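Using mature numbering (1 follows the signal peptide of the UniProt record, and there is no 0), read the sequence shown as starting at 51 and increasing by one per residue. Backbone N, C-alpha and C define an ideal beta-carbon position, used for all residues, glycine too. Reviewing the structure listed below.
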Amino acid sequence: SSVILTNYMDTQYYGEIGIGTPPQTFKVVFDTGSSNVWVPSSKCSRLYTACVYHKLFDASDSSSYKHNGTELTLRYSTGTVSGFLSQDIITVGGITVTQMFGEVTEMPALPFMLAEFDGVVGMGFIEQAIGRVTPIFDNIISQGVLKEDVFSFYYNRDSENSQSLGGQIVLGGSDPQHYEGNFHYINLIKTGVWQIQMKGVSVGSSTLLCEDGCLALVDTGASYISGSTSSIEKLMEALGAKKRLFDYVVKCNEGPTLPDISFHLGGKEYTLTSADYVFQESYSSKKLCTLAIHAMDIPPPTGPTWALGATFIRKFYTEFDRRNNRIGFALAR
Ligand SMILES: CCc1nc(N)nc(N)c1-c1ccc2c(c1)N(CCNC(C)=O)C(=O)C(C)(C)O2
Ligand SMILES: *[C@@H]1O[C@H](CO)[C@@H](O)[C@H](O)[C@H]1NC(C)=O
């Protein structure tokens with residue numbers, strides 16, 4: 051099954067899922083970086099403006115709802131949400147599964163007031179699941195209906211017209227229509243996390259980073275490519291970028307000429323061009339242009355680690371192989 055995704059400003063990719071009976075619709079991000087499912091709850095106080103602006107699941111309207119109530123808190127690198135567990139049936143592109151999810155009652159204005167999506171569907175392993183809740187993909191696998199024990203991601207480049215699909219997730223395989231050439235796999239450092247060994251990072255013709263090796267979390271839920279603060283400072287220094295509060299800018303007229311950035315993964319160099327990582331919104335030297343690469347210190351046990359997000363997947367179609375505990379990459383088409 052494939053799920054059509056909407057692309058919002060190249061930073062948000064989300065699709066629809068149905069919860070309850072009758073189905074209550076929600077826009078959600080499919081996140082390989084987390085392992086829980088959650089949507090805003092009707093029990094979320096309207097004092098949380100984010101709840102006033104998103105779809106709210108109302109258990110009292112679903113006949114398939116099963117109460118639980120265990121509280122849980124989900125912590126992401128850029129924000130936190132809190133609530134309680136509930137069980138109901140969920141629709142994901144034709145597949146139906148009974149799933150335990152979180153009803154969020156505390157949704158911070160910053161950053162959720164900036165979210166086009168309502169919730170999140172974690173595609174990670176149960177090892178990282180908060181409350182030890184069985185992840186949705188595991189429940190799907192349990193049905194023995196998927197052709198293959200894998201899921202893939204396609205994140206299109208932003209578009210000014212509504213004729214192009216923002217992206218696409220495939221449960222059970224990959225869509226040959228959105229990649230070309232062959233997949234090149236890398237084994238997961240360890241099952242339980244969509245993280246792989248990265249052999250090196252280069253800026254221009256000089257592998258000046260991640261020498262001696264480092265970690266790379268392949269995170270479909272992250273908007274950008276991130277690295278430790280030290281790594282980024284070094285990388286950004288080589289680009290001549292200026293560190294801002296939340297990001298890094300560069301004189302727009304300078305954007306088109308920034309050097310290539312490569313990521314050495316499993317014996318293959320994955321190269322991004324300035325066009326691939328800078329939001330080229332102008333060529334003016336009197337304006338600043340943001341880079342789709344940020345600094346982010348991911349704490350243990352998962353980090354320190356670099357994170358390959360939308361900026362990376364936009365260029366390389368990505369297959370997540372559960373059965374073989376490896377990740378596949380192929381040039382996106
Ligand atoms: C999708 C959940 C999520 N998972 C992971 N692994 N890391 C995160 N930083 C986030 C996370 C949290 C809050 C967010 C966003 C992401 N995102 C990006 C969502 N990612 C995609 C690919 O759409 C946002 O835009 C704002 C609103 C800041 O709020
Ligand atoms: C919630 O689900 C977990 C999973 O087994 C269970 O242990 C717990 O008792 C449930 N909570 C309630 C009271 O429904």
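Query: Range of the contiguous alpha helix (DSSP H) that encloses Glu283; Result: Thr279 to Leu289
Query: 4-residue-minimum alpha helix (DSSP H) runs that sit fully inside the region 221–265, ordered along the chain; Result: none
Query: Nearest to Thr128 (by Cα), restricted to the options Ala272, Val200 and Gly290; Result: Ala272
Query: Proximity test, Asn189 beta-carbon vs ligand 3 heavy atom, cut-off 6 Å; Result: Of the ligands this structure carries, namely ligand 1 and ligand 2, none is ligand 3.
Query: Coarse secondary structure for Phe162, derived from DSSP in three states; Result: helix
Query: Beta-carbon spacing of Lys284, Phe167 below 7 Å; Result: no
Query: Bridge-paired residues (DSSP) for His344; Result: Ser276
Query: Exposed unless 16 or more other CB atoms sit within 10 angstroms - verdict on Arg294; Result: exposed
Query: Secondary structure of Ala179, DSSP reduced to three states; Result: coil
Query: Under 7 Å between C-beta atoms of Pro90 and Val147; Result: no
Query: Cβ distance (whole Å) where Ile348 is taken to contact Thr355 below 8 Å; Result: 5 Å
Query: Presumed contact (8 Å Cβ cut-off) between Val200 and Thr82, rounded CB distance; Result: No, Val200 and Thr82 are not in contact; Cβ-Cβ is about 12 Å, not under 8 Å.
Query: Whole-angstrom C-beta distance between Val328 and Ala345, which should lie under 8 Å; Result: 16 Å between Cβ atoms; not a contact.
Query: Between the CA atoms of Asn303 and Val87 - distance to the nearest angstrom; Result: 42 Å
Query: Residues passing the C-beta test against ligand 2 heavy atoms, cut-off 7 Å; Result: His117, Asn118, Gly119, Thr120, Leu135 and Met150
Query: Any non-hydrogen atom of ligand 1 closer than 6 Å to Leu267 Cβ; Result: no
Query: Residues near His314 by beta carbon distance below 6 Å, same chain, minus five either side; Result: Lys249 and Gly250
Query: Host beta strand (DSSP E) of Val200 (start-end); Result: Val200 to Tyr205
Query: Sequence-distant residues of its chain with Cβ nearer than 8 Å to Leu221 (five each side left out); Result: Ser51, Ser52, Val53, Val142, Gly143, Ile145, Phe187, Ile190, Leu196 and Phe201
Query: Closest Cα partner of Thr368 within the set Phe80, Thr71 and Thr75; Result: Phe80
Query: Identity of the residues DSSP links to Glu121 by a beta bridge; Result: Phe134
Query: Own chain partners of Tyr58 with C-beta closer than 6 Å, once the 5 adjacent residues on each side are dropped; Result: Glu166
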